[PDB]
Amino acid sequence: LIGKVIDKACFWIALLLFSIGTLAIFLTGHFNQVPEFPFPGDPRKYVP
Amino acid sequence: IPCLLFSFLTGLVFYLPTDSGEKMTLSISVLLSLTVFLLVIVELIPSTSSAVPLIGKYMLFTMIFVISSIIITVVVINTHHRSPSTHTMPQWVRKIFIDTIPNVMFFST
Amino acid sequence: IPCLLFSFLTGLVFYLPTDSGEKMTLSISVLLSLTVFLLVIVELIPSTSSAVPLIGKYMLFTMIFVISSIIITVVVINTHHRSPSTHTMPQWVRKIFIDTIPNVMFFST
Amino acid sequence: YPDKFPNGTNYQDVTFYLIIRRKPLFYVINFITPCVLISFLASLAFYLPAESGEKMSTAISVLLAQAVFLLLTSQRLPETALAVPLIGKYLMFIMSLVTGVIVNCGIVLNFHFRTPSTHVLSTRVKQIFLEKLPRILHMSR
Amino acid sequence: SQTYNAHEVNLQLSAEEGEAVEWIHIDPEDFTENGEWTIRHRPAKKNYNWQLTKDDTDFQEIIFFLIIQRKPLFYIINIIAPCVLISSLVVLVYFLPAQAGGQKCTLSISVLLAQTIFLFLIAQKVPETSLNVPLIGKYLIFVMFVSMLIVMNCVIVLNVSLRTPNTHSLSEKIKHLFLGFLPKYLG
Amino acid sequence: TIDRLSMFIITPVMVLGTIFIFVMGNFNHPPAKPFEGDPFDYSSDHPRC
Amino acid sequence: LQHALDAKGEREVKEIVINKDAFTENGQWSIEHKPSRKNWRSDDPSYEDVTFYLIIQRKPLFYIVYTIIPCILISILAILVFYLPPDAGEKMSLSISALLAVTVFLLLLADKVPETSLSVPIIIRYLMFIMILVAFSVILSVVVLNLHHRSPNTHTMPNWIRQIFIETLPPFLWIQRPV
Amino acid sequence: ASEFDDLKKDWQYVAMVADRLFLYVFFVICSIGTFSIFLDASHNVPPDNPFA
Ligand SMILES: *[C@@H]1O[C@H](CO)[C@@H](O[C@@H]2O[C@H](CO)[C@@H](O[C@@H]3O[C@H](CO[C@H]4O[C@H](CO[C@H]5O[C@H](CO)[C@@H](O)[C@H](O)[C@@H]5O)[C@@H](O)[C@H](O)[C@@H]4O)[C@@H](O)[C@H](O)[C@H]3NC(C)=O)[C@H](O)[C@H]2NC(C)=O)[C@H](O)[C@H]1NC(C)=O
Ligand SMILES: *[C@@H]1O[C@H](CO)[C@@H](O[C@@H]2O[C@H](CO)[C@@H](O[C@@H]3O[C@H](CO)[C@@H](O)[C@H](O)[C@@H]3O)[C@H](O)[C@H]2NC(C)=O)[C@H](O)[C@H]1NC(C)=O
Ligand SMILES: *[C@@H]1O[C@H](CO)[C@@H](O[C@@H]2O[C@H](CO)[C@@H](O[C@@H]3O[C@H](CO)[C@@H](O)[C@H](O)[C@@H]3O)[C@H](O)[C@H]2NC(C)=O)[C@H](O)[C@H]1NC(C)=O
Ligand SMILES: *[C@@H]1O[C@H](CO)[C@@H](O)[C@H](O)[C@H]1NC(C)=O
């Protein structure tokens, strides 16, 4: 019974750890988007 | 053909009794074989991102099939080694999985 | 980093009790992972014979570390399933491993 | 070349020879030592008690490691057929001895799990495997 | 120019109808997209290296830029999704029995082995520079460290669950620490 | 008993076969003379004429 | 176009010429025939070529040592798995590890087999044969374990199973249990 | 308990008999298939007339 209480608690810690790590890493990837302007400080778009 | 074979084996785990301690061995080794065959797929198939091929949809169906089998196998093992002292079996599980199903099935012993 | 990980795992096996039947599973699976990592080492490291690199000295230290753990695990398992019907505990073993180290051991319970 | 004639262009040539020996160290470090030390373990499989459930797992995993070394070796030599490389000869010899260890462990298991309800203990098999062999092999009591 | 300097030739961009063409021209009708890369921006400008004079040939230069985004679909299907789904299996070890036959170590160490095969698969694809660590390799290191922590947790729970009075003494401090209020505060 | 016997039979064959196979390869040296039927050494340190 | 004449020219040479002073044997290929014949085209009166042919036999020692011996050893294991007792618990381990090994051999051969779709090479047919055999060994081992772990609380023995496996088969298979 | 034991042993005996049967069947099938493939491969030689 002592080991079953440890597992339930350690379950609830491991689930959070894995989920949060996965989501943080891959949402950083998802949010890495191209800038809006070709040259940052320039207000031109350089398109025909 | 290897993917077909792996899916057919992926279903077999549910005929293996829990008394033997080998359900996880079977499931996870099927997954290991599929992971090693993924190196062969990645070597033979063209690597493009224009669209998902049909062969790739099939490989990912097989993957999700194996992983779902593993999860439900862990739930079966947990339901099998359930201590009577604590868990007092409820009436709805007792009625469903003891009175109706055993009788509805016929091709069985 | 993978070699560091495998060395730490190679050390973990000695806290696993023999009552469970998984010491050899654990040890040999660590060895299998290291052998499959050898494929990455051979793909990445330069295959020259001018000298042994430092990274290669480390890979080979890890290999002999794992293999020594496996051998000593087999000797521990053999010492555990030892039948009194055939083997009588000698006086030196009963003196050193029952009346000396237990007491010397501080970090314990 | 005296079989040819001095009025052709196949009668003369100047040849330069390089006799070079390979320095074996990369292979000695990354192939031979690992394979030999992993292979020895399949014989340690004969010391594990039968009441452990890992006799077969040990030898079969050693055979999987050997199959990975076989995959690694298959990629370094040409596919010529004048001889079998010393490394391939060792590989086939060691993989066939590990297969023999697996079969022998399966036979030890088969004999270990026999019961009065399925098999008979012959007086012959009790003559060979219970008094004479143990004394010859010098086994505990 | 490989031969002439700014005192000899004057490099400029083209001007159609009075307005300069400060971009790479791409035929909208006939252009076939790459397969892995999408073109976001295509500007062009005349640059000068001010460390040099107008007597050098490398003082003036026309630059065309191509800012391209990647299509991460082959990687999501063949690597990302299989590896995430396979690494999510290490949380199923907490519902397996802590006795001979549960196979808690089997499952966790086999997931580690699968991650070790995904290391070779990624090893064959990542750039070989050394200025930053890629996101895929960072995630692999993360999951392999989480798998190692869960292997150690499985080993410790098996050690605790298989203890006997002949080996260890169970103390009231422990029982009161794990069987008084924690199960209440937990499950 | 069958297991002790299988040990005392398999282990020697494995060790001796490994030693033999690799010592045989360790003793494979070039013939020390470039051409079999020729005493000359074709060395820069000892020209013939 | 005609054929070339021999050294002392009187007669034509209708084969590829090989000079022993300068010829390196391949090591993987034996030259069985090497003829030479002029070819025409009935639809094209202006066509004429001189073709040289090389009938060559392959020497398969490399593929024998790297594919066939491992597969024979795997098939030995796949037959061994039925000699194991169910009480050991190493049965699924044996079967499914054999499957993993055949997958490794498939990987080994993935880079050496022609990528044409007019036929399947005999070596790939042999590998698929061995793979399906190992799969069926796995299936029947699962069936055997299922039968072995049955009990009266869960199953009642029918009559056809009892007849076939307690009266008809044992006398043939020489496995009659003690009375 | 003795009665339950006997009825479980009948099931175990059925399993052992099915196992021996499968053993023989698999040996025969493996041998036959391997030999037929190897003979098919051994009888593939080029002819004597190059027909050219
Ligand atoms: C993709 O990569 C490209 C690079 O390959 C990025 O392009 C860069 O973008 C930056 C930001 O848009 C540019 O910075 C801007 O540069 C211009 C020009 O700077 C040059 O001239 C300066 C002035 O020269 C005078 O003064 C000097 C010192 O007194 C004298 O020595 C000289 O004779 C003149 O009298 C000089 O100081 C400077 O070092 C350069 O030579 C500036 O006017 C802007 O203020 C800069 N900032 C901004 C916000 O525009 C950068 O020039 C540009 N490089 C190239 C090669 O075009 C591009 O942005 C990237 N796109 C992305 C990441 O999306
Ligand atoms: C390295 O290779 C060269 C050839 O590329 C070897 O030299 C040649 O070796 C052959 C075989 O030993 C010699 O042929 C022999 O000639 C004698 C005399 O006619 C004959 O009696 C033998 O039966 C045989 O045919 C050949 O003469 C010799 N020389 C040349 C120029 O080809 C050389 O030996 C090799 N070296 C090593 C260390 O292996
Ligand atoms: C190797 O390949 C070559 C070319 O594909 C084969 O040569 C061709 O063989 C066919 C069949 O023998 C010839 O057709 C026959 O030609 C004779 C000519 O007199 C005619 O009488 C027959 O009725 C028939 O048409 C063909 O001419 C010949 N040549 C070419 C260029 O196609 C060759 O046979 C192959 N060898 C082997 C061993 O398969
Ligand atoms: C070369 O010499 C041979 C031998 O004397 C002779 O038969 C042949 O005709 C000569 N070739 C030429 C082109 O003179």
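Below, chains carry the letters A, B, ... as their sequence lines are ordered, and counting in each starts from 1.
- Counting non-hydrogen atoms of neighbouring residues, nucleotides and ligands closer than 6.0 angstrom, the NE2 atom of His176(E) reaches no more than 12 such neighbours.
- Remark: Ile79(E) CD1 to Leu38(B) CG distance equals 8.0 Å, nearest 0.5 Å.
- Between atom OG of residue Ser108(C) and atom CD1 of residue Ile101(C) there is a gap of 12.0 Å, rounded to the nearest 0.5 Å.
- At most 12 non-hydrogen atoms from other residues, nucleotides or ligands lie less than 6.0 angstrom from CD1 of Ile1(C).
- Listed here is the closest heavy atom pair of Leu186(E) and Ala9(A): CD2-N, 3.6 Å.
- A donor-acceptor distance shorter than 3.5 angstrom exists from the side chain of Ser39(D) to the backbone of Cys35(D), with no hydrogens or angles considered.
- In terms of modelled atom types and a separation under 3.5 Å, the side chain of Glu43(B) and the main chain of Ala110(G) share no donor-acceptor contact.
- A heavy-atom distance below 4.5 Å is found between the side chains of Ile41(B) and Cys3(B).
- Side-chain contact check for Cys10(A) versus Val157(E): every heavy-atom pair is 4.5 Å or farther apart.
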CA sep, side-chain torsions, deciding dist, call: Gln115(E), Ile86(E), side chain to side chain contact (heavy atoms under 4.5 Å, CB included):
CA-CA 8 Å; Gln115(E) 278 149 356; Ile86(E) 289 171; 5.7 Å; no
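- The side-chain heavy atoms of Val66(C) and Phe6(C), taken from C-beta on, include no pair separated by under 4.5 Å.
- With sequence neighbours excluded, the residues that form a side chain to side chain contact (heavy atoms under 4.5 Å, CB included) with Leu179(E) are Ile2(A), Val5(A).
- Between the side chain of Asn78(B) and the backbone N or O of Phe95(E), at least one donor-acceptor pair lies under 3.5 Å.
- Ring pair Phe120(E)/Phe37(C): centre-to-centre distance not below 6.0 Å.
- At least one side-chain heavy atom of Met152(E) sits under 4.5 Å from a side-chain heavy atom of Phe8(C).
- Residue-environment remark: CZ (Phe14(C)) exceeds the threshold of 12 foreign heavy atoms within 6.0 Å.
- Between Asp7(A) and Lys104(E) there is a salt bridge, since a side-chain N of the basic residue sits under 4.0 Å from a carboxylate O of the acidic one.
- Put simply, CG on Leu100(G) and OG on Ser95(G) are 12.5 Å apart, with the number rounded to the nearest 0.5 Å.
- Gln103(E) CD to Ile28(B) CD1: the interatomic distance, rounded to the nearest 0.5 Å, is 10.0 Å.
- Closest non-hydrogen pair, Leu77(G) versus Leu94(G), comes out as O-CD2, 4.2 Å.
- At a threshold of 4.5 Å between non-hydrogen side-chain atoms, the residues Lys8(A) and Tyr94(E) do not count as touching.
- Taking all atoms of both residues into account, the shortest heavy-atom contact from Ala78(G) to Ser137(G) is O-CB, 4.0 Å.
- Between the side chain of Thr33(D) and the backbone N or O of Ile29(D) there is no donor-acceptor pair closer than 3.5 Å.
- Going from atom CZ of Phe142(E) over to atom OG of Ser147(E) covers 9.5 Å, rounded to the nearest 0.5 Å.
- For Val126(E), the side chain to side chain contact (heavy atoms under 4.5 Å, CB included) criterion is met by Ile122(E), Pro134(E), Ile136(E), not counting sequence neighbours.
- Among all heavy-atom pairs drawn from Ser33(C) and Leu113(E), the shortest one is OG-CD1, 3.4 Å.
- Scanning all heavy atoms of the two residues, the minimum distance from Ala42(D) to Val62(D) falls at CB-CG1, 3.9 Å.
- Here the shortest heavy-atom pairing between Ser141(G) and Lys91(G) reads CB-CD, 3.9 Å.
- Side-chain atoms of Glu54(D) come within 3.5 Å of backbone atoms of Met24(C) as a donor-acceptor pair (strictly under, hydrogens ignored).
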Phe26(A) and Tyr139(E): CA distance, side-chain angles, deciding distance, ring pair (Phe, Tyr, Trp, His ring centres under 6.0 Å) verdict
CA-CA 9 Å; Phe26(A) 285 125; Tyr139(E) 177 71; 4.6 Å; yes
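- For the pair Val30(C) and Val13(C), the minimum side-chain heavy-atom distance is 4.5 Å or more.
- Looking at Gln99(E) and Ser161(E), their side chains never bring a donor and an acceptor atom within 3.5 Å of each other.
- Looking at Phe178(E) and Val160(E), their side chains never come closer than 4.5 Å, going by heavy atoms from C-beta outward.
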Does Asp19(C) form a side chain to side chain contact (heavy atoms under 4.5 Å, CB included) with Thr164(E)? I'd like the steps, not just the answer.
CA-CA 11 Å; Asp19(C) 300 296; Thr164(E) 193; over 6 Å; no
Check against side chain to side chain contact (heavy atoms under 4.5 Å, CB included), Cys105(E) and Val151(E)
CA-CA 7 Å; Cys105(E) 290; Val151(E) 174; 5.8 Å; no
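- A distance-only check finds a donor-acceptor pair linking the side chain of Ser52(D) to the backbone of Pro49(D) [under 3.5 Å].
- The number of heavy atoms from other shown groups lying within 6.0 Å of CG (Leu177(E)) is above 12.
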Under the criterion side chain to side chain donor-acceptor pair (under 3.5 Å), I'd like the reasoning laid out for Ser57(D) against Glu90(G): C-alpha separation, chi angles, the key distance, then a yes or no.
CA-CA 7 Å; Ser57(D) 296; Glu90(G) 290 282 283; 2.5 Å; yes
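- A donor-acceptor contact shorter than 3.5 Å links the side chain of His87(B) to the backbone of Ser83(B).
- Distance alone, capped at 3.5 Å, is enough to place a donor-acceptor pair between the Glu22(C) side chain and the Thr106(E) backbone.
- Note that the CG atom of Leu39(C) and the CG atom of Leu121(E) stand 12.0 Å from one another [nearest 0.5 Å].
- With a 6.0 Å radius and a threshold of 12 heavy atoms from other residues, nucleotides or ligands, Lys184(E) has its NZ atom above the threshold.
- Judged by distance alone, with hydrogens and angles left aside, the side-chain atoms of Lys55(D) form no donor-acceptor pair with the main-chain N or O of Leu109(D) at under 3.5 Å.
- Remark: the backbone N or O of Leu26(B) is not paired with any side-chain donor or acceptor of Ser29(B) at under 3.5 angstrom.
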Chi angles and distances behind the side chain to side chain contact (heavy atoms under 4.5 Å, CB included) call for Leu145(G), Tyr15(B)
CA-CA 9 Å; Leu145(G) 286 151; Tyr15(B) 201 57; over 6 Å; no
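- Counting heavy atoms from C-beta on, the side chains of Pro70(G) and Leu70(D) come closer than 4.5 Å.
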